[PDB]
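Trainee: Can you keep this structure in mind? I'll have questions shortly.
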Amino acid sequence: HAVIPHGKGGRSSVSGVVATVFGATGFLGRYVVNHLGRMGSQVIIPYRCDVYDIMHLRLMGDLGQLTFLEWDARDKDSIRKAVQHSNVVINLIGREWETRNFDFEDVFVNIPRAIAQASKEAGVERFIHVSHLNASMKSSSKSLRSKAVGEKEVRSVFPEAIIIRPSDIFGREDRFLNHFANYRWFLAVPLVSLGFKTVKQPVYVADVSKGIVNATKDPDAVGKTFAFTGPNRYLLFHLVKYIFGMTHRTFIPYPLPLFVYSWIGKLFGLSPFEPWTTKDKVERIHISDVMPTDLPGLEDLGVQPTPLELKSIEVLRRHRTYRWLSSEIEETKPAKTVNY
Amino acid sequence: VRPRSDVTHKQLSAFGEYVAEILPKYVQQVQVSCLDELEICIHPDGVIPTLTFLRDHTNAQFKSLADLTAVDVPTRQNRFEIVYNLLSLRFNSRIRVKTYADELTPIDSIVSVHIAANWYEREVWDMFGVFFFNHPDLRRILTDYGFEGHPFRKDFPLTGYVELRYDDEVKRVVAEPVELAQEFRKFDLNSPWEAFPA
Amino acid sequence: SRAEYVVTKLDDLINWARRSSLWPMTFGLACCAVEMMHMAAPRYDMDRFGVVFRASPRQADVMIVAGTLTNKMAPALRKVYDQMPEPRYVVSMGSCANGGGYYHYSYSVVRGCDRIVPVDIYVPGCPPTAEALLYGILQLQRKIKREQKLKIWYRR
Amino acid sequence: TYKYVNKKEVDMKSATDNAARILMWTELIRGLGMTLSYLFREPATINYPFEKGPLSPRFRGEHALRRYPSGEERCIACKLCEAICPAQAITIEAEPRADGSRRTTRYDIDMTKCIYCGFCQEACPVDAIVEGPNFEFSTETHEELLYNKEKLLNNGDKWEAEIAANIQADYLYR
Amino acid sequence: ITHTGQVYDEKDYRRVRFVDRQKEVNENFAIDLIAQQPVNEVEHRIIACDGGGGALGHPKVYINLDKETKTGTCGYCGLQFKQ
Amino acid sequence: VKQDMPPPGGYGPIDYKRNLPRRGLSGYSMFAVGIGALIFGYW
Amino acid sequence: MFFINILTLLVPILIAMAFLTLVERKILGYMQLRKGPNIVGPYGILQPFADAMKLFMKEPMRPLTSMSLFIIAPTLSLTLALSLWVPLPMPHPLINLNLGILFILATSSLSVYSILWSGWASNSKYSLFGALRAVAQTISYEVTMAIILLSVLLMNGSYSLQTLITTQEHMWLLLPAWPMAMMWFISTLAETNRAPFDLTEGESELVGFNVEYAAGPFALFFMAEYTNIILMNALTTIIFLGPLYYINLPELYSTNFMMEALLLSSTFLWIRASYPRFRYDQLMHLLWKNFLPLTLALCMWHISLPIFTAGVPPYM
Amino acid sequence: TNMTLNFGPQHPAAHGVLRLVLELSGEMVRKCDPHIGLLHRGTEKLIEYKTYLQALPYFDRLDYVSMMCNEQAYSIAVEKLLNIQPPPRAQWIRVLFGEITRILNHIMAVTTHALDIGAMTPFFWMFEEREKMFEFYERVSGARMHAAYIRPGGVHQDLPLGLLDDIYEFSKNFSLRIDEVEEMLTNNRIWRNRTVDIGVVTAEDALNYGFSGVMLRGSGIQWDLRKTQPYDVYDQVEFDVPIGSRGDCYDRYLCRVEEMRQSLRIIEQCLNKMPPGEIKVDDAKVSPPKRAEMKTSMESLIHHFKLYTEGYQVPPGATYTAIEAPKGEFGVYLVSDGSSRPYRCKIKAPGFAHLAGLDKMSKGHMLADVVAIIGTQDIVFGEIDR
Ligand SMILES: NC(=O)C1=CN([C@@H]2O[C@H](COP(=O)(O)OP(=O)(O)OC[C@H]3O[C@@H](n4cnc5c(N)ncnc54)[C@H](OP(=O)(O)O)[C@@H]3O)[C@@H](O)[C@H]2O)C=CC1
Ligand SMILES: COC1=C(OC)C(=O)C(CC=C(C)C)=C(C)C1=O
Ligand code: SF4
Ligand code: SF4
Ligand SMILES: [Zn+2]
């Protein structure tokens with residue numbers, strides 16, 4: 001079972017990767033389908049969002065490259081038919097807010113298991129499972145711990161299943177960068193420990209995507225637990241200010257106990273419509289980025305990471321004002337890099 | 001059979017000599033075709049002079065420029081064949097003055113003689129690449145702002161080399177080398193049997 | 001009382017409002033525009049169905065791309081598609097915009113508008129008949145009727 | 001023969017006449033009368049789903065492949081329908097069917113490429129490919145518009161009765 | 001499945017398409033329909049075959065039903081004629 | 001076999017000229033009725 | 001009670017405001033040989049409610065612009081227009097104001113800002129050019145609009161709109177003062193930016209403040225314009241066409257007010273379909289050259305008619 | 001940049017797609033530089049790769065308001081190169097549908113002009129009449145617009161049995177419909193203002209910038225290629241060119257309303273005097289054989305097969321043939337090698353010249369004036385962009 005790769009390399013060409021991608025509608029997802037579609041791969045995108053929302057993905061895929069299937073996580077049968085004819089399964093199912101009808105376990109461990117489980121029954125050559133970086137089975141945030149729980153299980157349902165483990169991602173439409181920039185509405189921008197001792201290493205979304213895609217088309221990655229990290233680390237302080245810097249909005253980093261702040265996250269979490277902050281998110285935000293001692297991701301998988309400052313201008317531009325909208329990054333001052 | 005009126009064939013032929021004598025210097029060949037039309041062929045240097053005589057001569061007033069075009073015969077050393085078709089509202093008639101221009105040997109501009117040519121000359125530069133000296137503002141008219149290559153040249157691929165699609169990653173329209181999903185089927189149509197010229 | 005029921009009914013209302021009043025922003029690139037002006041005209045009144053004669057790029061619910069989307073006009077189409085509201089739709093009209101049409105192999109014509117704007121209903125025909133556009137606008141109305149945005153919210 | 005569209009004393013009667021035209025907007029009132037008049041005329045619109053705008057037999061509409069009454073598809077893959085298509089829409093590849101006869105393995109009309117010229121209707125010797133009456137085939141997805149032999153043959157079977165009536169009415173003319 | 005039995009296969013990377021949407025295939029396949037057609041008996045050595053209806057048929061051809069050994073088959077209708 | 005042709009004797013005649021009617025109350029008469037209205041109103 | 005009397009006088013007008021768009025999209029239709037909207041609901045009655053719901057649901061995109069001079073502008077437009085119905089004297093008014101017409105003139109004048117604020121807020125060229133021209137003709141027309149009223153008042157005796165019901169107990173103020181009615185009607189057409197004078201929404205010209213306004217903001221001005229369309233027509237139906245008033249039965253006043261207002265509201269609908277739009281300078285050429293000299297002179301005639309005809313109106 | 005402001009491609013005011021980069025000191029236009037090619041599609045290069053009969057459908061699309069009149073120009077051109085001329089009935093047909101098409105264009109130009117000006121009821125009034133005309137096209141060709149009826153050797157198929165009668169009923173009444181528009185716009189106290197004395201073009205300047213259309217006729221120059229150089233049987237009819245004086249937007253308009261009137265005079269005649277006969281040349285060499293003949297005669301099949309698959313095989317030569325399309329002089333310069341597919345086919349578009357004049361017409365004019373002048377040139381971007 002395979003498809004000899006013919007063509008010159010662009011759209012309307014063939015690469016031979018038929019791939020179910022269950023959580024494509026996501027920020028990371030959007031990018032994964034982009035490269036897969038650019039390369040000419042056959043992409044099956046399972047969806048449970050309404051057809052109007054899935055429209056953005058149609059255009060990057062060539063005619064007949066993208067197939068959309070109706071799928072429900074609780075219904076095992078839907079996952080069954082999606083992987084019927086795929087040979088690569090990529091799992092990006094994740095959320096930050098435990099929803100009424102889906103718990104962190106479900107979105108991270110429960111569902112992503114059933115999926116790979118079926119994929120095996122199907123006989124998919126490889127499964128790529130994505131879990132957050134620094135995910136201990138004991139990490140504070142229920143999210144991270146639960147994700148850790150999953151990366152274990154799925155091994156047993158699907159052995160030698162690649163497990164890329166990305167850091168918080170930097171990209172347009174990302175949270176890491178937009179969240180902080182959107183603190184503008186808040187007059188003061190709380191920062192636990194005044195934004196210190198939680199060094200963070202962002203990674204451009206594309207780098208992550210390209211990396212993921214390259215995995216699909218490389219035999220070197222099997223059972224590998226890569227870690228796409230980034231080109232430079234940062235104390236949360238510079239990051240926050242830098243953001244506000246490009247956004248050209250004032251910065252008032254205010255110390256507030258994580259204790260009390262976990263409570264603020266609880267407050268937003270209470271909100272019915274997509275809580276903006278999450279008790280877990282808060283914790284995750286402060287969880288310091290771990291140093292790198294694992295299977296190299298970017299570069300190792302073939303893409304050289306892209307510095308944050310380089311593309312930050314595009315992600316944070318929408319947050320500027322009438323005039324600030326015309327400033328460029330090089331007249332602006334890039335913040336210092338703290339490896340710690 | 002078309003209703004040819006020899007009355008015309010003669011009168012236009014006679015004018016063709018008239019012009020040939022009046023401007024011995026630039027007219028190389030003058031011929032009245034069977035359709036019954038007339039075409040005075042001029043050296044490229046005679047662009048300004050031959051037109052002006054036709055625009056402003058009592059016995060040949062050719063006030064409006066119907067068209068300025070450039071066939072491209074790749075075999076011909078001078079690739080382009082700029083053809084100017086002109087109309088006489090008074091004496092009622094039309095004459096075509098055609099010159100030859102190579103790719104990097106520019107022709108003079110007649111925007112002075114007829115301002116109609118301001119646009120057509122820009123059209124000839126954009127499609128074929130001939131350049132017109134003394135043109136007020138020569139710049140691509142029909143092709144895209146960043147287009148590279150002159151399209152109507154016989155040596156330019158129909159589909160071209162670039163096509164546009166919207167890319168989400170970059171959230172902006174982006175050229176890519178053309179990749180066609182059904183190439184233009186190039187039917188060979190010429191028959192190996194000719195028709196004995198009448 | 002089951003909210004699920006309460007939700008469906010509500011959604012329907014929402015769908016009825018958008019589907020009854022679709023204010024089309026038409027481009028009229030090319031000629032298929034003449035066949036749409038005919039729809040707006042008296043034999044086949046678009047307004048009767050709630051489609052307004054025309055509106056600006058903002059107040060417009062649906063964009064009808066009529067005519068060849070040439071490479072120079074391709075950046076614009078997008079701009080205007082990107083300048084419309086959150087509930088927006090695109091009805092490609094004409095073989096020249098469904099695919100490439102008579103000018104598919106040309107160097108200046110985008111082979112389809114669905115390469116520049118996501119397209120919801122493709123209306124076929126070189127001058128797609130005005131009745132056919134009307135059929136296409138009516139099928140967009142059935143597409144909207146089926147959309148169930150709040151029930152997915154509730155079940156999400 | 002020519003005509004002057006707009007080629008052109010002062011008397012109280014005249015002036016008073018002209019001044020009244022400017023002062024009491026007499027001609028403007030004339031225009032209002034015309035629109036009030038139509039308000040009273042019957043509207044020309046048709047209930048689109050219930051009543052349909054009339055199309056006579058030559059209407060080109062949507063492509064279909066016909067079959068002989070016996071049940072043998074008419075096309076014999078001469079492939080000049082492909083030759084004369086202006087848009088390169090029809091793609092035909094053929095091979096001798098086991099019967100020994102000549103039939104098309106693949107006949108694909110790309111309707112998005114097609115500009116509905118109706119020459120294919122013209123060119124076919126057996127008149128296998130016809131411009132069918134239906135104009136309402138708008139489709140949600142681009143792929144549906146591409147049509148293979150099975151869709152066109154199915155289109156042919158569905159509309160054969162009207163296609164036969166339409167060809168019956170117009171063949172003397174052709 | 002179809003006329004020339006198109007069978008995107010259990011391992012093809014294209015059979016993915018029909019998922020949740022049916023395939024276009026034909027009942028009353030033509031391959032068997034003329035085979036179902038009776039052999040038009042004739043008296044004359046040669047016979048015509050307008051296809052039935054003249055202008056609304058096929059370019060008229062004359063078939064040589066001269067050998068009972070073979071029932072002439074007009075290359076256009078696939079109709080066998082029994083001398 | 002029949003060919004659509006003009007009916008025998010030709011068709012009837014069509015109008016190719018504007019038939020716009022120059023109909024209006026004369027200006028003096030128009031002003032007088034108006035001025036009379038104001039005079040009555042003022043009184 | 002007074003609260004109930006605020007629902008009535010508001011809702012009723014809002015519901016009627018919705019039915020004007022419908023009677024606009026059908027009367028324009030039949031004039032142009034087309035049925036107009038009849039398929040949604042019965043005879044299109046549900047049509048106005050339908051797009052209202054579509055408009056509010058669609059995203060109110062805030063341009064990459066002010067965020068207040070943007071949201072203040074539609075609020076001001078709806079607030080002033082619905083407010084000006086407060087003192088209108090149908091039968092007897094809700095809030096009778098001794099200087100009532102000055103209230104109506106002042107409240108109208110304030111709406112010109114909404115146009116100015118929306119145009120500055122959009123921060124795109126089409127909006128600013130449209131707003132500057134729009135503000136220009138609105139206040140230009142205000143100058144003749146005000147003088148035309150001052151001529152009226154001097155023959156009414158007071159600024160209170162309630163007095164005209166007693167002034168017009170024997171004859172409409174059209175008979176006298178018809179020359180100004182016409183000039184009040186044309187000025188009412190300019191101030192509601194309706195057709196003959198509608199270069200603001202001129203589409204071919206500046207596709208204009210409403211350009212960046214979509215969904216809820218679009219609607220509020222929108223609602224405002226149409227309510228105004230009625231209010232100004234209603235002011236014509238009190239000041240110049242005086243509906244018969246019988247003290248014993250107050251509703252025949254409102255019944256005829258209903259009839260005259262609808263017909264004059266129908267008239268600007270009929271004007272729109274019938275006439276091409278005037279040029280920007282052609283519009284101001286009319287007011288400053290054609291109308292202002294007529295109005296100022298007829299203004300003096302209305303200070304003289306009272307005195308030498310010994311008809312000085314009774315104050316109060 | 002004197003507040004340079006792109007008129008913008010998406011604008012109801014701009015027919016189709018026109019970026020008019022205009023620098024305006026407040027509401028006055030200092031300079032108009034129209035941009036073109038927003039609808040270039042390659043029509044001239046594509047034709048070189050297609051046979052003569054499969055390039056006929058391109059001409060309908062070049063300026064599709066005037067669907068057929070354009071087809072006649074290519075027809076004539078291909079007929080000249082072959083020295084073949086169409087049969088008598090076909091000629092009258094082409095003049096019959098040639099004129100019907102002129103009306104269709106003028107109803108488009110006059111009513112669309114008003115919609116940009118702001119008058120919207122004339123468009124709905126006359127689009128109903130248009131509709132009725134389309135139906136003629138459909139019942140003759142099969143397509144409402146983009147017919148492909150006028151082919152290089154005559155028309156494709158005789159008129160249906162009954163069309164002439166209906167092209168009468170309509171013609172018998174259309175006049176009143178033009179009359180109505182009139183009572184609405186010709187003398188409107190306001191149409192005149194926005195149109196009168198706007199875009200005046202001198203006579204000498206109009207010839208110089210190659211205007212060649214109503215635009216010339218409106219300035220008082222008397223030139224109708226249909227009377228000066230008769231094509232088809234426009235010689236046997238009798239019509240009056242509507243010349244104009246004080247050329248300006250209003251005068252030319254009046255001219256377009258007058259040719260709508262004169263075309264009804266030409267249509268009447270064509271119905272009164274159309275000859276019995278064939279509608280396509282009898283040379284199977286140029287015109288495809290009748291289907292009864294190709295299905296019973298060998299020489300006819302061979303001629304059907306070769307004509308559809310390969311082509312006319314026009315003799316080598318070049319011609320510029322111009323007709324009087326509704327917009328103005330539409331001409332095809334068709335250079336041709338002996339091959340069945342053309343070598344060059346520059347389409348002269350009445351419109352490439354007219355737009356150029358926008359600059360010399362709209363000087364010291366307001367934004368609204370520019371909208372009025374684009375209307376008085378009947379710019380269909382298909383012909384300009386080709
Ligand atoms: N920066 C980041 O976002 C990082 C992400 N990751 C991991 O990478 C993955 C992708 O991230 P990202 O795309 O941002 O995540 P998103 O929040 O964008 O969600 C990803 C997709 O999962 C789908 N989904 C969510 N919940 C469910 C459910 N209960 N059933 C079915 N589908 C569901 C969503 O579809 P819909 O919304 O239509 O339901 C969405 O398209 C995540 O799983 C995350 O754990 C790791 C590190 C950093
Ligand atoms: C005459 O040319 C014109 C077009 O070309 C066919 C249009 O598409 C359009 C756009 C059509 C609509 C219905 C907005 C206009 C306005 C126009 O004037
Ligand atoms: S599709 Fe046919 S009709 Fe529509 S634009 Fe392209 S060519 Fe003109
Ligand atoms: S022409 Fe008619 S028969 Fe010959 S191939 Fe095309 S369709 Fe089949
Ligand atoms: Zn046979």
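Going through the structure tokens in order, the chains are called A, B, and so on, while each chain numbers its residues from 1 and the ligands are numbered from 1 in the order shown.
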Could you work out which residues of chain D fall inside 10 Å of chain B? Count only C-alpha atoms, and format the result as a PDB file with N, CA and C atoms, in the first residue's frame.

Mentor:
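What follows is the written file iface_21.pdb:
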ATOM      1  N   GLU D  82     -14.214  15.856 -28.747  1.00  0.00           N
ATOM      2  CA  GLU D  82     -13.010  16.346 -28.028  1.00  0.00           C
ATOM      3  C   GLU D  82     -12.287  17.335 -28.939  1.00  0.00           C
ATOM      4  N   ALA D  83     -12.194  17.026 -30.229  1.00  0.00           N
ATOM      5  CA  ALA D  83     -11.416  17.890 -31.142  1.00  0.00           C
ATOM      6  C   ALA D  83     -12.021  19.281 -31.241  1.00  0.00           C
ATOM      7  N   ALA D  87     -13.020  24.732 -25.195  1.00  0.00           N
ATOM      8  CA  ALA D  87     -12.347  24.832 -23.880  1.00  0.00           C
ATOM      9  C   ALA D  87     -11.452  23.669 -23.455  1.00  0.00           C
ATOM     10  N   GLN D  88     -11.339  22.630 -24.280  1.00  0.00           N
ATOM     11  CA  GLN D  88     -10.549  21.421 -23.922  1.00  0.00           C
ATOM     12  C   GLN D  88     -11.260  20.598 -22.819  1.00  0.00           C
ATOM     13  N   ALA D  89     -12.543  20.895 -22.620  1.00  0.00           N
ATOM     14  CA  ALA D  89     -13.324  20.246 -21.548  1.00  0.00           C
ATOM     15  C   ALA D  89     -13.438  18.730 -21.664  1.00  0.00           C
ATOM     16  N   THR D  91     -12.579  14.989 -22.174  1.00  0.00           N
ATOM     17  CA  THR D  91     -11.396  14.098 -22.306  1.00  0.00           C
ATOM     18  C   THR D  91     -11.870  12.679 -22.605  1.00  0.00           C
TER      19      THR D  91
END

Trainee: For chain G, work out the contacting residues on chain C at 8 Å, counting only C-alpha atoms, and write them as a PyMOL selection string.

Mentor: chain C and resi 14+16-18+20-21+41-43+45+47-50+56+58-59+85-87

Trainee: Please identify every residue of chain H that has at least one atom no more than 6 Å from any atom of chain C, counting only C-alpha atoms, and report them as an NGL selection string.

Mentor: :H and (16 or 38-39 or 41-42 or 124 or 127-128)

Trainee: Find the distance between CA of residue 385 (chain H) and CA of residue 2 (chain H) and write it in Å to one decimal.

Mentor: 28.1 Å

Trainee: Identify every residue of chain E that has at least one atom within 7 Å of any atom of chain A, counting only C-alpha atoms, and report the result as a ChimeraX atom specification.

Mentor: /E:11,13,16-17

Trainee: Hey, what's within 9 Å of region 157-167 of chain G if we count only C-alpha atoms and toss same-chain stuff fewer than 2 positions away? As JSON, numbers by chain, please?

Mentor: {"G": [87, 88, 89, 90, 91, 92, 93, 96, 97, 98, 99, 100, 101, 102, 150, 152, 153, 154, 155, 169, 170, 171, 172, 173, 238, 239, 242, 243, 244, 245, 312, 313, 314, 315, 316]}

Trainee: Would you mind exporting N, CA and C atoms of the selected residues as an mmCIF file, in the first residue's frame?

Mentor:
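The new file result-v4.cif reads:
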data_model
loop_
_atom_site.group_PDB
_atom_site.id
_atom_site.type_symbol
_atom_site.label_atom_id
_atom_site.label_comp_id
_atom_site.auth_asym_id
_atom_site.auth_seq_id
_atom_site.Cartn_x
_atom_site.Cartn_y
_atom_site.Cartn_z
ATOM 1 N N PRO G 87 -42.114 65.450 21.512
ATOM 2 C CA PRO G 87 -42.992 66.602 21.616
ATOM 3 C C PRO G 87 -44.005 66.682 20.498
ATOM 4 N N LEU G 88 -44.012 65.762 19.542
ATOM 5 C CA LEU G 88 -44.923 65.914 18.406
ATOM 6 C C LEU G 88 -46.332 65.977 18.923
ATOM 7 N N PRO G 89 -47.154 66.858 18.357
ATOM 8 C CA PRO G 89 -48.493 67.055 18.900
ATOM 9 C C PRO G 89 -49.617 66.255 18.282
ATOM 10 N N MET G 90 -49.454 64.964 18.041
ATOM 11 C CA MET G 90 -50.579 64.180 17.566
ATOM 12 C C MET G 90 -51.650 64.488 18.574
ATOM 13 N N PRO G 91 -52.916 64.533 18.154
ATOM 14 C CA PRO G 91 -53.930 64.971 19.099
ATOM 15 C C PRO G 91 -53.246 65.782 20.167
ATOM 16 N N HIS G 92 -53.175 65.318 21.417
ATOM 17 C CA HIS G 92 -52.391 66.110 22.382
ATOM 18 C C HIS G 92 -51.054 65.417 22.687
ATOM 19 N N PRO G 93 -49.965 66.188 22.754
ATOM 20 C CA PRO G 93 -48.614 65.615 22.896
ATOM 21 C C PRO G 93 -48.244 64.961 24.194
ATOM 22 N N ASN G 96 -45.676 68.423 26.494
ATOM 23 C CA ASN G 96 -45.995 69.650 25.709
ATOM 24 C C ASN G 96 -44.950 70.692 26.105
ATOM 25 N N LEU G 97 -44.248 71.251 25.119
ATOM 26 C CA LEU G 97 -43.114 72.156 25.419
ATOM 27 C C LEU G 97 -43.570 73.492 24.828
ATOM 28 N N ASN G 98 -43.443 74.571 25.598
ATOM 29 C CA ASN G 98 -43.890 75.903 25.124
ATOM 30 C C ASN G 98 -43.045 76.314 23.920
ATOM 31 N N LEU G 99 -41.747 76.004 23.937
ATOM 32 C CA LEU G 99 -40.884 76.305 22.767
ATOM 33 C C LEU G 99 -40.649 74.997 22.015
ATOM 34 N N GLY G 100 -41.727 74.319 21.613
ATOM 35 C CA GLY G 100 -41.607 73.022 20.922
ATOM 36 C C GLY G 100 -40.860 72.970 19.606
ATOM 37 N N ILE G 101 -41.119 73.892 18.675
ATOM 38 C CA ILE G 101 -40.453 73.788 17.342
ATOM 39 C C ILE G 101 -38.937 74.038 17.433
ATOM 40 N N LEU G 102 -38.542 74.853 18.409
ATOM 41 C CA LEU G 102 -37.103 75.116 18.644
ATOM 42 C C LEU G 102 -36.538 73.780 19.141
ATOM 43 N N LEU G 150 -39.503 79.953 10.741
ATOM 44 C CA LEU G 150 -39.686 81.266 11.420
ATOM 45 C C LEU G 150 -40.829 81.979 10.701
ATOM 46 N N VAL G 152 -43.363 80.525 9.333
ATOM 47 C CA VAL G 152 -44.552 79.871 9.829
ATOM 48 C C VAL G 152 -44.908 80.397 11.189
ATOM 49 N N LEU G 153 -43.989 80.281 12.131
ATOM 50 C CA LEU G 153 -44.290 80.699 13.486
ATOM 51 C C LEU G 153 -44.922 82.075 13.520
ATOM 52 N N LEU G 154 -44.359 83.037 12.803
ATOM 53 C CA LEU G 154 -44.873 84.396 12.882
ATOM 54 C C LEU G 154 -46.322 84.452 12.476
ATOM 55 N N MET G 155 -46.812 83.432 11.789
ATOM 56 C CA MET G 155 -48.228 83.400 11.449
ATOM 57 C C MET G 155 -48.965 82.449 12.361
ATOM 58 N N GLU G 169 -57.737 75.589 12.191
ATOM 59 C CA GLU G 169 -59.100 75.063 12.442
ATOM 60 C C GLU G 169 -60.042 75.423 11.297
ATOM 61 N N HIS G 170 -59.580 76.262 10.373
ATOM 62 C CA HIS G 170 -60.450 76.713 9.265
ATOM 63 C C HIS G 170 -59.813 76.415 7.898
ATOM 64 N N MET G 171 -58.479 76.426 7.840
ATOM 65 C CA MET G 171 -57.775 76.188 6.555
ATOM 66 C C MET G 171 -56.354 75.686 6.807
ATOM 67 N N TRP G 172 -55.848 74.820 5.929
ATOM 68 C CA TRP G 172 -54.454 74.333 6.058
ATOM 69 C C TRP G 172 -53.492 75.501 5.863
ATOM 70 N N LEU G 173 -52.303 75.448 6.461
ATOM 71 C CA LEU G 173 -51.314 76.525 6.211
ATOM 72 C C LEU G 173 -50.638 76.303 4.856
ATOM 73 N N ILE G 238 -48.303 68.390 10.322
ATOM 74 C CA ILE G 238 -48.887 69.246 11.396
ATOM 75 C C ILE G 238 -48.749 70.717 11.007
ATOM 76 N N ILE G 239 -47.538 71.134 10.633
ATOM 77 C CA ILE G 239 -47.272 72.564 10.301
ATOM 78 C C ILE G 239 -48.004 73.044 9.050
ATOM 79 N N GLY G 242 -52.841 70.763 7.980
ATOM 80 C CA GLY G 242 -53.401 70.627 9.335
ATOM 81 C C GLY G 242 -54.572 69.676 9.393
ATOM 82 N N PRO G 243 -54.429 68.502 10.033
ATOM 83 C CA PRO G 243 -55.498 67.517 10.049
ATOM 84 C C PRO G 243 -56.697 68.091 10.805
ATOM 85 N N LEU G 244 -57.915 67.726 10.403
ATOM 86 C CA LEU G 244 -59.112 68.325 11.046
ATOM 87 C C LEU G 244 -59.070 67.971 12.532
ATOM 88 N N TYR G 245 -59.340 68.943 13.402
ATOM 89 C CA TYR G 245 -59.349 68.667 14.860
ATOM 90 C C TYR G 245 -60.745 68.875 15.434
ATOM 91 N N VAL G 312 -51.889 90.356 13.240
ATOM 92 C CA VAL G 312 -50.786 89.866 14.112
ATOM 93 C C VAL G 312 -51.373 88.712 14.918
ATOM 94 N N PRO G 313 -50.741 87.526 14.917
ATOM 95 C CA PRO G 313 -51.319 86.369 15.586
ATOM 96 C C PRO G 313 -51.351 86.508 17.111
ATOM 97 N N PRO G 314 -52.372 85.916 17.753
ATOM 98 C CA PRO G 314 -52.471 85.988 19.208
ATOM 99 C C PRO G 314 -51.438 85.143 19.868
ATOM 100 N N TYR G 315 -50.609 85.736 20.705
ATOM 101 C CA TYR G 315 -49.666 84.930 21.433
ATOM 102 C C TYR G 315 -50.510 83.976 22.233
ATOM 103 N N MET G 316 -49.926 82.867 22.653
ATOM 104 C CA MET G 316 -50.658 81.905 23.458
ATOM 105 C C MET G 316 -51.779 81.278 22.655
#

Trainee: Which polymer residues have any atom within 6 Å of an atom of residue 20 (chain H), counting only C-alpha atoms, with same-chain residues fewer than 3 positions away left out, as a list in words?

Mentor: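 Residues near the query, excluding close chain neighbours: residues 6, 7, 33, 34 and 35 of chain H.
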
Trainee: Contacts from chain A to chain B, 9 Å maximum, only C-alpha atoms: show me the residue list as a PyMOL selection string.

Mentor: chain A and resi 7-8+10-13+30-31+34-35+56-57+59-60+206

Trainee: May I have the residues within 10 Å of residue 18 (chain E) as a ChimeraX atom specification, using only C-alpha atoms and disregarding those fewer than 4 positions away in the same chain?

Mentor: /A:67 /E:8,14,22-24

Trainee: Take the residues from that selection and put them in a file with C-alpha atoms, as an mmCIF file, in the first residue's frame.

Mentor:
data_model
loop_
_atom_site.group_PDB
_atom_site.id
_atom_site.type_symbol
_atom_site.label_atom_id
_atom_site.label_comp_id
_atom_site.auth_asym_id
_atom_site.auth_seq_id
_atom_site.Cartn_x
_atom_site.Cartn_y
_atom_site.Cartn_z
ATOM 1 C CA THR A 67 -11.767 14.946 2.304
ATOM 2 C CA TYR E 8 -10.732 2.023 -6.931
ATOM 3 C CA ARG E 14 -8.424 7.195 -3.863
ATOM 4 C CA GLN E 22 -21.907 7.080 -3.112
ATOM 5 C CA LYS E 23 -20.258 6.172 -6.429
ATOM 6 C CA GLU E 24 -21.656 6.767 -9.904
#

Trainee: Please identify every polymer residue within 7 Å of ligand 5, using only C-alpha atoms and all ligand atoms, and present the set as a PyMOL selection string.

Mentor: chain E and resi 49-51+58+74-79
